[PDB]
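Shown below: start.cif, with mmCIF, C-alpha atoms.
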```cif
data_final
loop_
_atom_site.group_PDB
_atom_site.id
_atom_site.type_symbol
_atom_site.label_atom_id
_atom_site.label_comp_id
_atom_site.auth_asym_id
_atom_site.auth_seq_id
_atom_site.Cartn_x
_atom_site.Cartn_y
_atom_site.Cartn_z
ATOM 1 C CA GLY A 1 -31.486 57.892 68.734
ATOM 2 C CA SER A 2 -27.739 57.378 68.397
ATOM 3 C CA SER A 3 -24.943 57.849 65.863
ATOM 4 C CA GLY A 4 -24.512 55.296 63.093
ATOM 5 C CA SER A 5 -22.025 53.188 65.037
ATOM 6 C CA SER A 6 -22.727 49.468 64.664
ATOM 7 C CA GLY A 7 -20.438 47.157 66.613
ATOM 8 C CA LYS A 8 -21.045 43.729 68.127
ATOM 9 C CA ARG A 9 -17.529 42.284 67.982
ATOM 10 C CA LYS A 10 -17.322 40.784 71.472
ATOM 11 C CA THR A 11 -15.310 37.929 72.978
ATOM 12 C CA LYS A 12 -16.767 34.858 74.685
ATOM 13 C CA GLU A 13 -14.866 35.963 77.790
ATOM 14 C CA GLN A 14 -16.317 39.479 77.821
ATOM 15 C CA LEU A 15 -19.806 38.207 76.996
ATOM 16 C CA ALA A 16 -19.468 35.596 79.740
ATOM 17 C CA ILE A 17 -19.303 38.369 82.336
ATOM 18 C CA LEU A 18 -22.416 39.917 80.796
ATOM 19 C CA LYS A 19 -24.554 36.781 80.544
ATOM 20 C CA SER A 20 -24.165 36.492 84.317
ATOM 21 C CA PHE A 21 -25.311 40.087 84.797
ATOM 22 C CA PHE A 22 -28.378 39.890 82.557
ATOM 23 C CA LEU A 23 -29.600 36.988 84.691
ATOM 24 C CA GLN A 24 -29.155 38.877 87.963
ATOM 25 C CA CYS A 25 -30.755 41.920 86.334
ATOM 26 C CA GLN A 26 -32.201 42.062 82.819
ATOM 27 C CA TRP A 27 -31.586 45.805 83.100
ATOM 28 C CA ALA A 28 -28.535 47.647 84.428
ATOM 29 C CA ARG A 29 -28.225 51.186 85.788
ATOM 30 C CA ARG A 30 -25.682 53.919 85.056
ATOM 31 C CA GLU A 31 -24.014 53.119 88.380
ATOM 32 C CA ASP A 32 -23.682 49.428 87.526
ATOM 33 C CA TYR A 33 -22.571 49.782 83.906
ATOM 34 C CA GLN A 34 -19.441 51.679 84.941
ATOM 35 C CA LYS A 35 -18.457 48.446 86.688
ATOM 36 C CA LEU A 36 -19.172 46.212 83.692
ATOM 37 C CA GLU A 37 -16.728 48.317 81.676
ATOM 38 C CA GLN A 38 -14.139 47.296 84.268
ATOM 39 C CA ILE A 39 -14.827 43.556 84.198
ATOM 40 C CA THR A 40 -15.557 43.225 80.480
ATOM 41 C CA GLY A 41 -13.206 46.002 79.415
ATOM 42 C CA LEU A 42 -15.826 47.137 76.911
ATOM 43 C CA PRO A 43 -17.162 50.690 76.428
ATOM 44 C CA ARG A 44 -20.275 51.597 78.417
ATOM 45 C CA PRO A 45 -22.163 52.229 75.147
ATOM 46 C CA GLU A 46 -21.167 48.757 73.958
ATOM 47 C CA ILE A 47 -22.547 47.099 77.089
ATOM 48 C CA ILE A 48 -25.673 49.206 77.590
ATOM 49 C CA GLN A 49 -26.866 48.406 74.069
ATOM 50 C CA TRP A 50 -26.022 44.725 74.516
ATOM 51 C CA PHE A 51 -28.491 44.356 77.385
ATOM 52 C CA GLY A 52 -31.179 45.755 75.105
ATOM 53 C CA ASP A 53 -30.701 43.207 72.332
ATOM 54 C CA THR A 54 -30.379 40.434 74.915
ATOM 55 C CA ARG A 55 -33.942 41.102 76.061
ATOM 56 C CA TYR A 56 -35.254 40.692 72.515
ATOM 57 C CA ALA A 57 -33.806 37.226 71.928
ATOM 58 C CA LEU A 58 -34.856 36.083 75.401
ATOM 59 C CA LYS A 59 -38.445 37.259 74.949
ATOM 60 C CA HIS A 60 -38.518 35.187 71.758
ATOM 61 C CA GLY A 61 -36.610 32.347 73.394
ATOM 62 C CA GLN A 62 -33.227 32.568 71.687
ATOM 63 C CA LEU A 63 -30.925 32.681 74.713
ATOM 64 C CA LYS A 64 -29.603 29.214 75.551
ATOM 65 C CA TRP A 65 -27.960 30.157 78.849
ATOM 66 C CA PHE A 66 -31.017 31.937 80.247
ATOM 67 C CA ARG A 67 -33.749 30.010 82.059
ATOM 68 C CA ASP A 68 -31.556 26.955 81.481
ATOM 69 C CA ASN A 69 -31.612 25.642 85.051
ATOM 70 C CA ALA A 70 -30.237 22.149 85.665
ATOM 71 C CA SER A 71 -30.814 21.322 89.332
ATOM 72 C CA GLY A 72 -33.503 22.192 91.860
ATOM 73 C CA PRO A 73 -31.838 24.067 94.741
ATOM 74 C CA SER A 74 -33.615 25.102 97.941
ATOM 75 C CA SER A 75 -33.245 25.998 101.619
ATOM 76 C CA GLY A 76 -34.860 24.800 104.833
#
```

Let me see whether you can do it: turn the structure in this file into structure tokens.
Amino acid sequence: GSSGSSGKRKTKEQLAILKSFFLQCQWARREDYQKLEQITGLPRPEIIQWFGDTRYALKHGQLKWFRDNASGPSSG
């Protein structure tokens, strides 16, 4: 449970840095979040929660940037 603070006012720029994270790790730790608040400039509580909601949409298939590969990379 958490206080009644509802806020999702984010900027494409800030979110951009997140979208990249979610992909690398659908879930972030307390040691990683601290960093996100330095690249996105958004409160830890604002980022932590974000990741949660992100999972929902994805599971349903809302995200348009996720699993949106374009090319087929590889290595010999």

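What the PyMOL selection byres ((chain A and resi 47) around 10) matches in the given file is residues 8, 10, 14, 15, 18, 28, 33, 34, 36, 37, 40, 41, 42, 43, 44, 45, 46, 48, 49, 50, 51 and 52 of chain A.
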
Requested write-out: C-alpha atoms of the selected residues, as a short mmCIF file (atom, residue, chain, number, x, y, z; two decimals), in the coordinates of the input:
```cif
data_model
loop_
_atom_site.label_atom_id
_atom_site.label_comp_id
_atom_site.auth_asym_id
_atom_site.auth_seq_id
_atom_site.Cartn_x
_atom_site.Cartn_y
_atom_site.Cartn_z
CA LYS A 8 -21.04 43.73 68.13
CA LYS A 10 -17.32 40.78 71.47
CA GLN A 14 -16.32 39.48 77.82
CA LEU A 15 -19.81 38.21 77.00
CA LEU A 18 -22.42 39.92 80.80
CA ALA A 28 -28.54 47.65 84.43
CA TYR A 33 -22.57 49.78 83.91
CA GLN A 34 -19.44 51.68 84.94
CA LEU A 36 -19.17 46.21 83.69
CA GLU A 37 -16.73 48.32 81.68
CA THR A 40 -15.56 43.22 80.48
CA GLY A 41 -13.21 46.00 79.42
CA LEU A 42 -15.83 47.14 76.91
CA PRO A 43 -17.16 50.69 76.43
CA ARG A 44 -20.27 51.60 78.42
CA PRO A 45 -22.16 52.23 75.15
CA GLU A 46 -21.17 48.76 73.96
CA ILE A 48 -25.67 49.21 77.59
CA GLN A 49 -26.87 48.41 74.07
CA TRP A 50 -26.02 44.72 74.52
CA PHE A 51 -28.49 44.36 77.39
CA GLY A 52 -31.18 45.76 75.10
#
```

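Every residue that the PyMOL selection byres ((chain A and resi 55-70) around 8) selects in this file is listed here: residues 19, 23, 26, 51, 52, 53, 54, 71 and 72 of chain A.
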
Output as AutoDock Vina command-line options the centre and edge lengths (Å, one decimal) of the box along x, y and z of the file that holds every listed atom of range 35-40 of chain A after adding 3 Å on each side.
```
--center_x -16.7 --center_y 45.8 --center_z 83.6 --size_x 11.0 --size_y 11.2 --size_z 12.2
```

Students should find that CA of residue 39 in chain A and CA of residue 13 in chain A are spaced 9.9 Å

Taken to one decimal, the CA of residue 73 in chain A-CA of residue 27 in chain A distance is 24.7 Å

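Rounded to one decimal, CA of residue 12 in chain A and CA of residue 38 in chain A lie 15.9 Å from each other.
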